[PDB]
Amino acid sequence: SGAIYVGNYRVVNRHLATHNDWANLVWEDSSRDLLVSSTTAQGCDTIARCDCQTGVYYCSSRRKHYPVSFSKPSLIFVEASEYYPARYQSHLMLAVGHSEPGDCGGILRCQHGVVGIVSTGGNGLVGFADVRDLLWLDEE
Ligand SMILES: O=C(NCCc1cocn1)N1CCc2ccccc21
Ligand SMILES: [Zn+2]
């Protein structure tokens, strides 16, 4: 589990969104596994605006933050899980890093701020959903 809290937005994995998220929906995209809902309180996270390929992510199944090298956001075939059929997921970045289902939502960050959240993984893979192209998270 986990979310990004930037401005009056909450960014979560679409497959983990709650009824309150769907009832206060700003934007969602199944191909990216992302959903954004509105919040009453302002958040403290800042979004990175960059092309970094190194950063650190939080792994809840190890209670640890790990430094990783990750690929640029791309369209990658991901295997069936409880939440999506084997399909192509867009804006996804891969790294070698330990992963399990309850980790979705952990933040990946670089020197500039939050880069994305954990979404896919398996066999020493972990795939993040990028948010650096969503410039509107910084305003309104
Ligand atoms: O179950 C999921 N993610 C579900 C969301 C998803 C995105 O694309 C398809 N399903 N993951 C995330 C971490 C992990 C480690 C080992 C095995 C699976 C998984
Ligand atoms: Zn960066």
# chains A, B, ... in the order shown; residues from 1 in each chain; ligands from 1
$ residues_around --residues "stretch 54-67 of chain A" --least-positions-apart "3" --cutoff "9 Å" --atoms "only C-alpha atoms" --output "ChimeraX atom specification"
/A:1,70-71,97-100,102-111,115,117-118
$ residues_near_ligand --ligand "ligand 2" --cutoff "6 Å" --atoms "only C-alpha atoms and all ligand atoms" --output "MDAnalysis selection string"
chainID A and resid 48 50:52 110:112
$ residues_near_ligand --ligand "ligand 1" --cutoff "6 Å" --atoms "only C-alpha atoms and all ligand atoms" --output "ChimeraX atom specification"
/A:78,80-81,83-84,99-101,103-104,119-122
$ write_last_selection --atoms "N, CA, C and O atoms" --output "mmCIF file, in the first residue's frame"
data_model
loop_
_atom_site.group_PDB
_atom_site.id
_atom_site.type_symbol
_atom_site.label_atom_id
_atom_site.label_comp_id
_atom_site.auth_asym_id
_atom_site.auth_seq_id
_atom_site.Cartn_x
_atom_site.Cartn_y
_atom_site.Cartn_z
ATOM 1 N N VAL A 78 3.365 -7.209 -18.984
ATOM 2 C CA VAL A 78 3.383 -7.616 -17.592
ATOM 3 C C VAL A 78 2.516 -8.855 -17.454
ATOM 4 O O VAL A 78 1.386 -8.862 -17.966
ATOM 5 N N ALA A 80 -0.062 -11.791 -15.779
ATOM 6 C CA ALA A 80 -1.283 -11.813 -14.982
ATOM 7 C C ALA A 80 -1.032 -11.798 -13.490
ATOM 8 O O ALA A 80 -0.112 -12.472 -13.011
ATOM 9 N N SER A 81 -1.845 -10.975 -12.831
ATOM 10 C CA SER A 81 -1.836 -10.989 -11.368
ATOM 11 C C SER A 81 -3.286 -10.943 -11.043
ATOM 12 O O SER A 81 -4.090 -11.103 -11.933
ATOM 13 N N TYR A 83 -4.885 -8.541 -10.190
ATOM 14 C CA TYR A 83 -5.584 -7.265 -10.574
ATOM 15 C C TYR A 83 -5.721 -6.951 -12.076
ATOM 16 O O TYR A 83 -6.589 -6.182 -12.439
ATOM 17 N N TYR A 84 -4.802 -7.453 -12.909
ATOM 18 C CA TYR A 84 -4.828 -7.191 -14.343
ATOM 19 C C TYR A 84 -4.499 -8.454 -15.135
ATOM 20 O O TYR A 84 -3.719 -9.267 -14.645
ATOM 21 N N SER A 99 10.535 -7.558 -4.765
ATOM 22 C CA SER A 99 9.076 -7.180 -4.870
ATOM 23 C C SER A 99 8.088 -8.330 -4.501
ATOM 24 O O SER A 99 8.379 -9.392 -4.906
ATOM 25 N N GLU A 100 6.891 -7.986 -3.937
ATOM 26 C CA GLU A 100 5.714 -8.858 -3.597
ATOM 27 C C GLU A 100 4.426 -8.016 -3.631
ATOM 28 O O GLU A 100 4.449 -6.765 -3.535
ATOM 29 N N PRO A 101 3.241 -8.638 -3.787
ATOM 30 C CA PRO A 101 1.981 -7.879 -4.063
ATOM 31 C C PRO A 101 1.614 -6.700 -3.171
ATOM 32 O O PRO A 101 1.428 -5.619 -3.740
ATOM 33 N N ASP A 103 3.460 -4.591 -1.636
ATOM 34 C CA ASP A 103 4.385 -3.443 -1.825
ATOM 35 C C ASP A 103 3.815 -2.354 -2.776
ATOM 36 O O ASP A 103 4.421 -1.327 -2.813
ATOM 37 N N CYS A 104 2.827 -2.624 -3.636
ATOM 38 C CA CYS A 104 2.393 -1.546 -4.573
ATOM 39 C C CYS A 104 2.107 -0.286 -3.737
ATOM 40 O O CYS A 104 1.554 -0.381 -2.630
ATOM 41 N N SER A 119 4.215 -0.850 -8.724
ATOM 42 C CA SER A 119 3.020 -1.387 -9.463
ATOM 43 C C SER A 119 3.288 -2.853 -9.847
ATOM 44 O O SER A 119 2.352 -3.618 -9.683
ATOM 45 N N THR A 120 4.423 -3.253 -10.444
ATOM 46 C CA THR A 120 4.641 -4.659 -10.957
ATOM 47 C C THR A 120 5.985 -5.233 -10.480
ATOM 48 O O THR A 120 6.643 -4.567 -9.711
ATOM 49 N N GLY A 121 6.228 -6.519 -10.755
ATOM 50 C CA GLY A 121 7.479 -7.079 -10.211
ATOM 51 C C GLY A 121 7.431 -8.588 -10.160
ATOM 52 O O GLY A 121 6.570 -9.215 -10.771
ATOM 53 N N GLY A 122 8.379 -9.158 -9.444
ATOM 54 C CA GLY A 122 8.389 -10.651 -9.493
ATOM 55 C C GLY A 122 9.779 -11.138 -9.904
ATOM 56 O O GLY A 122 10.395 -10.464 -10.719
#
$ select_by_dssp --residues "chain A" --states "strand (DSSP E)" --output "compact mmCIF listing (two decimals) with N, CA, C and O atoms, in the first residue's frame"
# COMPACT_ATOMS: atom_id res chain seq x y z
N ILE A 4 1.15 8.97 -3.01
CA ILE A 4 1.91 10.24 -3.10
C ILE A 4 0.89 11.33 -2.71
O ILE A 4 -0.24 11.34 -3.23
N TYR A 5 1.27 12.25 -1.81
CA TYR A 5 0.40 13.36 -1.40
C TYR A 5 1.03 14.66 -1.86
O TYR A 5 1.96 15.14 -1.20
N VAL A 6 0.61 15.20 -3.01
CA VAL A 6 1.15 16.43 -3.58
C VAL A 6 0.02 17.44 -3.74
O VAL A 6 -1.05 17.11 -4.29
N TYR A 9 -3.87 16.61 -4.06
CA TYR A 9 -4.04 15.35 -4.77
C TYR A 9 -3.45 14.17 -3.98
O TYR A 9 -2.41 14.30 -3.30
N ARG A 10 -4.09 13.00 -4.15
CA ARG A 10 -3.61 11.71 -3.61
C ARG A 10 -3.42 10.79 -4.81
O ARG A 10 -4.42 10.57 -5.55
N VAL A 11 -2.19 10.34 -5.06
CA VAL A 11 -1.89 9.44 -6.20
C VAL A 11 -1.71 8.04 -5.67
O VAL A 11 -0.84 7.81 -4.82
N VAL A 12 -2.53 7.09 -6.16
CA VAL A 12 -2.48 5.69 -5.70
C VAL A 12 -2.49 4.75 -6.86
O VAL A 12 -2.77 5.15 -8.03
N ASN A 13 -2.15 3.47 -6.60
CA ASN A 13 -2.31 2.46 -7.66
C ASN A 13 -3.82 2.35 -7.93
O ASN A 13 -4.64 2.26 -6.99
N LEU A 25 -12.84 11.49 -7.50
CA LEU A 25 -11.90 11.20 -8.60
C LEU A 25 -11.49 12.42 -9.39
O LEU A 25 -12.33 13.26 -9.75
N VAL A 26 -10.18 12.55 -9.67
CA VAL A 26 -9.65 13.60 -10.53
C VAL A 26 -9.30 12.98 -11.90
O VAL A 26 -9.65 13.53 -12.95
N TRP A 27 -8.60 11.81 -11.93
CA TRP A 27 -8.13 11.20 -13.17
C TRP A 27 -7.74 9.75 -12.91
O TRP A 27 -7.27 9.43 -11.81
N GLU A 28 -7.98 8.88 -13.86
CA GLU A 28 -7.54 7.49 -13.73
C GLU A 28 -7.16 6.94 -15.08
O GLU A 28 -7.75 7.32 -16.13
N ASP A 29 -6.23 6.00 -15.09
CA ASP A 29 -5.78 5.36 -16.33
C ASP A 29 -5.36 3.90 -16.04
O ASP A 29 -4.34 3.64 -15.38
N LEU A 34 -2.78 3.85 -12.57
CA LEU A 34 -2.77 5.04 -11.70
C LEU A 34 -4.18 5.61 -11.52
O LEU A 34 -5.01 5.57 -12.45
N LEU A 35 -4.42 6.17 -10.34
CA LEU A 35 -5.64 6.93 -10.05
C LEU A 35 -5.25 8.05 -9.13
O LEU A 35 -4.42 7.90 -8.21
N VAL A 36 -5.88 9.23 -9.37
CA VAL A 36 -5.67 10.44 -8.56
C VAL A 36 -6.99 10.91 -8.03
O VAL A 36 -7.96 11.04 -8.82
N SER A 37 -7.07 11.15 -6.73
CA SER A 37 -8.28 11.70 -6.08
C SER A 37 -7.94 13.01 -5.37
O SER A 37 -6.75 13.39 -5.21
N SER A 38 -8.98 13.79 -5.07
CA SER A 38 -8.78 15.08 -4.40
C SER A 38 -8.74 14.92 -2.87
O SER A 38 -9.42 14.03 -2.31
N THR A 54 18.47 6.77 -11.78
CA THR A 54 18.91 6.22 -10.51
C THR A 54 18.12 6.89 -9.38
O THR A 54 17.76 8.08 -9.49
N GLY A 55 17.79 6.11 -8.36
CA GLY A 55 17.02 6.66 -7.27
C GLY A 55 16.90 5.63 -6.17
O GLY A 55 17.70 4.71 -6.11
N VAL A 56 15.91 5.80 -5.29
CA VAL A 56 15.72 4.93 -4.13
C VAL A 56 14.26 4.60 -4.01
O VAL A 56 13.44 5.51 -4.14
N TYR A 57 13.91 3.34 -3.72
CA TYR A 57 12.49 3.01 -3.50
C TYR A 57 12.24 2.34 -2.14
O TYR A 57 13.13 1.68 -1.59
N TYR A 58 11.00 2.48 -1.66
CA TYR A 58 10.64 1.81 -0.41
C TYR A 58 9.95 0.47 -0.68
O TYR A 58 8.97 0.38 -1.42
N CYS A 59 10.49 -0.56 -0.02
CA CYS A 59 10.01 -1.95 -0.08
C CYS A 59 9.37 -2.38 1.25
O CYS A 59 10.12 -2.68 2.22
N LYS A 64 12.62 -1.59 4.13
CA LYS A 64 13.89 -0.99 3.71
C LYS A 64 13.71 -0.17 2.48
O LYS A 64 12.90 -0.49 1.59
N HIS A 65 14.57 0.84 2.34
CA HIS A 65 14.71 1.64 1.13
C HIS A 65 15.95 1.14 0.41
O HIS A 65 17.05 1.00 1.01
N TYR A 66 15.82 0.90 -0.90
CA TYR A 66 16.93 0.36 -1.69
C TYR A 66 17.30 1.30 -2.81
O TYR A 66 16.41 1.76 -3.54
N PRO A 67 18.61 1.53 -3.01
CA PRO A 67 19.03 2.29 -4.19
C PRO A 67 18.92 1.42 -5.46
O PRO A 67 19.36 0.25 -5.42
N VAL A 68 18.41 1.99 -6.53
CA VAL A 68 18.22 1.22 -7.78
C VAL A 68 18.55 2.05 -8.99
O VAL A 68 18.35 3.24 -9.02
N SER A 69 18.96 1.36 -10.08
CA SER A 69 18.99 1.88 -11.44
C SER A 69 17.72 1.40 -12.14
O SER A 69 17.33 0.24 -11.93
N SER A 74 8.28 3.08 -20.32
CA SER A 74 8.07 2.35 -21.57
C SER A 74 6.77 1.53 -21.50
O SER A 74 6.17 1.37 -20.44
N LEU A 75 6.44 0.88 -22.65
CA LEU A 75 5.29 0.01 -22.77
C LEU A 75 5.85 -1.42 -22.62
O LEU A 75 6.64 -1.88 -23.47
N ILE A 76 5.53 -2.08 -21.51
CA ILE A 76 6.08 -3.40 -21.15
C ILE A 76 4.98 -4.42 -20.94
O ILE A 76 3.95 -4.10 -20.33
N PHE A 77 5.14 -5.66 -21.44
CA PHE A 77 4.20 -6.74 -21.19
C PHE A 77 4.43 -7.22 -19.78
O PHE A 77 5.58 -7.45 -19.35
N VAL A 78 3.36 -7.21 -18.98
CA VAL A 78 3.38 -7.62 -17.59
C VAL A 78 2.52 -8.86 -17.45
O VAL A 78 1.39 -8.86 -17.97
N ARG A 87 -1.02 -8.17 -19.92
CA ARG A 87 -1.30 -7.06 -20.81
C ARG A 87 -0.06 -6.18 -20.91
O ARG A 87 0.92 -6.35 -20.15
N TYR A 88 -0.14 -5.20 -21.79
CA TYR A 88 0.88 -4.20 -21.90
C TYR A 88 0.51 -3.08 -20.94
O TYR A 88 -0.62 -2.57 -20.97
N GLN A 89 1.49 -2.68 -20.08
CA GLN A 89 1.31 -1.55 -19.13
C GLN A 89 2.20 -0.41 -19.65
O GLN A 89 3.36 -0.63 -20.04
N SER A 90 1.63 0.81 -19.73
CA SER A 90 2.38 1.92 -20.26
C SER A 90 3.01 2.77 -19.12
O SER A 90 2.64 2.64 -17.94
N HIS A 91 4.01 3.58 -19.51
CA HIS A 91 4.72 4.50 -18.63
C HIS A 91 5.33 3.72 -17.43
O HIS A 91 5.34 4.24 -16.31
N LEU A 92 5.86 2.54 -17.68
CA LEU A 92 6.39 1.66 -16.61
C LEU A 92 7.91 1.64 -16.70
O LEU A 92 8.45 1.57 -17.81
N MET A 93 8.58 1.65 -15.55
CA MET A 93 10.06 1.60 -15.47
C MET A 93 10.44 0.36 -14.67
O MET A 93 9.82 0.10 -13.65
N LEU A 94 11.44 -0.41 -15.10
CA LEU A 94 11.83 -1.61 -14.39
C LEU A 94 13.20 -1.48 -13.71
O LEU A 94 14.11 -0.78 -14.23
N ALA A 95 13.35 -2.14 -12.58
CA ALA A 95 14.64 -2.22 -11.87
C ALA A 95 14.78 -3.65 -11.28
O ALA A 95 13.78 -4.40 -11.17
N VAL A 96 16.00 -4.00 -10.89
CA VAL A 96 16.24 -5.23 -10.19
C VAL A 96 16.04 -4.95 -8.68
O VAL A 96 16.72 -4.10 -8.10
N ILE A 107 7.11 4.51 -2.64
CA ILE A 107 7.64 5.57 -3.52
C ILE A 107 9.03 5.28 -4.03
O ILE A 107 9.90 4.83 -3.25
N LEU A 108 9.24 5.62 -5.31
CA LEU A 108 10.56 5.71 -5.92
C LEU A 108 10.88 7.21 -6.02
O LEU A 108 10.03 8.00 -6.49
N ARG A 109 12.06 7.61 -5.54
CA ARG A 109 12.44 9.05 -5.53
C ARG A 109 13.87 9.21 -6.01
O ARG A 109 14.72 8.31 -5.89
N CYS A 110 14.16 10.41 -6.55
CA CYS A 110 15.53 10.75 -7.01
C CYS A 110 15.88 12.06 -6.34
O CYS A 110 15.19 12.57 -5.44
N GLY A 113 12.93 14.70 -6.42
CA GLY A 113 11.64 14.49 -5.78
C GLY A 113 11.07 13.10 -6.09
O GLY A 113 11.82 12.18 -6.44
N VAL A 114 9.72 12.98 -5.97
CA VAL A 114 9.05 11.68 -6.25
C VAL A 114 8.99 11.38 -7.72
O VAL A 114 8.56 12.24 -8.50
N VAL A 115 9.43 10.18 -8.13
CA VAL A 115 9.46 9.75 -9.52
C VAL A 115 8.26 8.90 -9.88
O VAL A 115 7.71 8.98 -10.97
N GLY A 116 7.83 8.02 -8.95
CA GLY A 116 6.72 7.11 -9.25
C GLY A 116 6.42 6.20 -8.07
O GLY A 116 6.96 6.45 -6.96
N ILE A 117 5.56 5.18 -8.28
CA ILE A 117 5.20 4.25 -7.19
C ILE A 117 5.31 2.83 -7.68
O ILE A 117 5.08 2.55 -8.89
N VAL A 118 5.61 1.91 -6.77
CA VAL A 118 5.70 0.48 -7.13
C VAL A 118 4.34 0.04 -7.69
O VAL A 118 3.28 0.36 -7.09
N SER A 119 4.21 -0.85 -8.72
CA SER A 119 3.02 -1.39 -9.46
C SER A 119 3.29 -2.85 -9.85
O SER A 119 2.35 -3.62 -9.68
N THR A 120 4.42 -3.25 -10.44
CA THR A 120 4.64 -4.66 -10.96
C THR A 120 5.99 -5.23 -10.48
O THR A 120 6.64 -4.57 -9.71
N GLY A 121 6.23 -6.52 -10.76
CA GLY A 121 7.48 -7.08 -10.21
C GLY A 121 7.43 -8.59 -10.16
O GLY A 121 6.57 -9.21 -10.77
N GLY A 122 8.38 -9.16 -9.44
CA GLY A 122 8.39 -10.65 -9.49
C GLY A 122 9.78 -11.14 -9.90
O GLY A 122 10.40 -10.46 -10.72
N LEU A 125 12.24 -8.67 -9.89
CA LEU A 125 11.89 -7.42 -10.66
C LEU A 125 10.93 -6.58 -9.82
O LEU A 125 10.21 -7.12 -8.99
N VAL A 126 10.92 -5.30 -10.11
CA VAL A 126 9.92 -4.42 -9.45
C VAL A 126 9.70 -3.35 -10.54
O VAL A 126 10.74 -2.91 -11.15
N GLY A 127 8.45 -3.02 -10.82
CA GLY A 127 8.17 -2.09 -11.93
C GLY A 127 7.51 -0.96 -11.25
O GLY A 127 6.68 -1.22 -10.33
N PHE A 128 7.95 0.23 -11.63
CA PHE A 128 7.28 1.42 -11.06
C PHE A 128 6.37 2.07 -12.10
O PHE A 128 6.70 1.92 -13.24
N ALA A 129 5.29 2.76 -11.71
CA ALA A 129 4.44 3.63 -12.56
C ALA A 129 5.01 5.06 -12.47
O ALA A 129 5.03 5.64 -11.39
N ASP A 130 5.51 5.62 -13.59
CA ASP A 130 6.07 6.96 -13.59
C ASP A 130 4.96 7.99 -13.41
O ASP A 130 3.82 7.82 -13.91
$ closest_residue --among "A:32, A:138, A:15, A:73" --to "residue A:44" --atoms "only C-alpha atoms"
A:138
$ atom_distance --atom1 "atom CA of residue A:22" --atom2 "atom CA of residue A:7"
18.3 Å
$ atom_distance --atom1 "atom CA of residue A:133" --atom2 "atom CA of residue A:47"
9.7 Å
$ atom_distance --atom1 "atom CA of residue A:16" --atom2 "atom CA of residue A:82"
11.5 Å
$ decode --residues "stretch 50-81 of chain A" --atoms "N, CA and C atoms" --output "mmCIF file, in the first residue's frame"
data_model
loop_
_atom_site.group_PDB
_atom_site.id
_atom_site.type_symbol
_atom_site.label_atom_id
_atom_site.label_comp_id
_atom_site.auth_asym_id
_atom_site.auth_seq_id
_atom_site.Cartn_x
_atom_site.Cartn_y
_atom_site.Cartn_z
ATOM 1 N N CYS A 50 12.375 15.529 -14.443
ATOM 2 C CA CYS A 50 13.724 15.064 -14.862
ATOM 3 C C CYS A 50 13.687 13.753 -15.653
ATOM 4 N N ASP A 51 14.925 13.281 -16.116
ATOM 5 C CA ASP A 51 15.052 11.985 -16.793
ATOM 6 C C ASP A 51 16.043 11.118 -16.006
ATOM 7 N N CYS A 52 16.094 11.246 -14.647
ATOM 8 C CA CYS A 52 16.960 10.372 -13.801
ATOM 9 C C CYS A 52 16.622 8.913 -14.074
ATOM 10 N N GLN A 53 17.642 8.087 -13.992
ATOM 11 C CA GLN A 53 17.530 6.648 -14.079
ATOM 12 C C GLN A 53 18.153 6.001 -12.856
ATOM 13 N N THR A 54 18.474 6.773 -11.783
ATOM 14 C CA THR A 54 18.912 6.218 -10.505
ATOM 15 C C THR A 54 18.118 6.889 -9.384
ATOM 16 N N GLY A 55 17.786 6.112 -8.361
ATOM 17 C CA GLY A 55 17.016 6.665 -7.266
ATOM 18 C C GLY A 55 16.901 5.634 -6.167
ATOM 19 N N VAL A 56 15.910 5.799 -5.287
ATOM 20 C CA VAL A 56 15.725 4.925 -4.125
ATOM 21 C C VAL A 56 14.260 4.601 -4.008
ATOM 22 N N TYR A 57 13.909 3.344 -3.721
ATOM 23 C CA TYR A 57 12.489 3.011 -3.501
ATOM 24 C C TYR A 57 12.241 2.340 -2.144
ATOM 25 N N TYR A 58 11.003 2.483 -1.659
ATOM 26 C CA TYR A 58 10.636 1.814 -0.407
ATOM 27 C C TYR A 58 9.952 0.469 -0.678
ATOM 28 N N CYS A 59 10.486 -0.561 -0.016
ATOM 29 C CA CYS A 59 10.010 -1.953 -0.078
ATOM 30 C C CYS A 59 9.374 -2.376 1.254
ATOM 31 N N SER A 60 8.051 -2.377 1.334
ATOM 32 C CA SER A 60 7.382 -2.677 2.610
ATOM 33 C C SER A 60 7.619 -4.115 3.095
ATOM 34 N N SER A 61 7.834 -5.069 2.152
ATOM 35 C CA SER A 61 8.093 -6.473 2.510
ATOM 36 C C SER A 61 9.487 -6.716 3.035
ATOM 37 N N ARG A 62 10.328 -5.658 3.105
ATOM 38 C CA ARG A 62 11.652 -5.711 3.744
ATOM 39 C C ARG A 62 11.823 -4.587 4.775
ATOM 40 N N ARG A 63 10.841 -3.678 4.929
ATOM 41 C CA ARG A 63 11.011 -2.448 5.752
ATOM 42 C C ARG A 63 12.318 -1.714 5.407
ATOM 43 N N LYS A 64 12.619 -1.593 4.133
ATOM 44 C CA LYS A 64 13.889 -0.995 3.714
ATOM 45 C C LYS A 64 13.710 -0.166 2.482
ATOM 46 N N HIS A 65 14.570 0.843 2.345
ATOM 47 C CA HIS A 65 14.710 1.643 1.129
ATOM 48 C C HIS A 65 15.953 1.138 0.411
ATOM 49 N N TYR A 66 15.820 0.902 -0.900
ATOM 50 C CA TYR A 66 16.935 0.356 -1.687
ATOM 51 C C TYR A 66 17.303 1.296 -2.807
ATOM 52 N N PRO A 67 18.605 1.527 -3.013
ATOM 53 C CA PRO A 67 19.033 2.286 -4.191
ATOM 54 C C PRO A 67 18.917 1.422 -5.456
ATOM 55 N N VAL A 68 18.413 1.995 -6.526
ATOM 56 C CA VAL A 68 18.224 1.217 -7.778
ATOM 57 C C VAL A 68 18.546 2.049 -8.990
ATOM 58 N N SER A 69 18.961 1.361 -10.076
ATOM 59 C CA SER A 69 18.989 1.880 -11.442
ATOM 60 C C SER A 69 17.717 1.398 -12.142
ATOM 61 N N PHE A 70 17.029 2.262 -12.889
ATOM 62 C CA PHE A 70 15.755 1.870 -13.487
ATOM 63 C C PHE A 70 15.677 2.326 -14.917
ATOM 64 N N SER A 71 14.884 1.627 -15.722
ATOM 65 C CA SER A 71 14.739 1.961 -17.147
ATOM 66 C C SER A 71 13.871 3.202 -17.379
ATOM 67 N N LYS A 72 13.911 3.746 -18.583
ATOM 68 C CA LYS A 72 13.044 4.896 -18.909
ATOM 69 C C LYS A 72 11.589 4.411 -19.063
ATOM 70 N N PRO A 73 10.589 5.259 -18.817
ATOM 71 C CA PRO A 73 9.184 4.819 -18.912
ATOM 72 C C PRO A 73 8.869 4.264 -20.306
ATOM 73 N N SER A 74 8.277 3.080 -20.320
ATOM 74 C CA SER A 74 8.068 2.354 -21.573
ATOM 75 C C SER A 74 6.775 1.534 -21.505
ATOM 76 N N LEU A 75 6.442 0.881 -22.654
ATOM 77 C CA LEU A 75 5.289 0.009 -22.771
ATOM 78 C C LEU A 75 5.851 -1.417 -22.624
ATOM 79 N N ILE A 76 5.530 -2.077 -21.510
ATOM 80 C CA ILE A 76 6.080 -3.399 -21.153
ATOM 81 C C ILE A 76 4.978 -4.422 -20.940
ATOM 82 N N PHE A 77 5.140 -5.660 -21.438
ATOM 83 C CA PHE A 77 4.195 -6.741 -21.194
ATOM 84 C C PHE A 77 4.433 -7.222 -19.780
ATOM 85 N N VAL A 78 3.365 -7.209 -18.984
ATOM 86 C CA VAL A 78 3.383 -7.616 -17.592
ATOM 87 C C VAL A 78 2.516 -8.855 -17.454
ATOM 88 N N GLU A 79 2.854 -9.771 -16.554
ATOM 89 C CA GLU A 79 2.111 -11.058 -16.389
ATOM 90 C C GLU A 79 0.866 -10.863 -15.555
ATOM 91 N N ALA A 80 -0.062 -11.791 -15.779
ATOM 92 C CA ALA A 80 -1.283 -11.813 -14.982
ATOM 93 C C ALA A 80 -1.032 -11.798 -13.490
ATOM 94 N N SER A 81 -1.845 -10.975 -12.831
ATOM 95 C CA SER A 81 -1.836 -10.989 -11.368
ATOM 96 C C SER A 81 -3.286 -10.943 -11.043
#
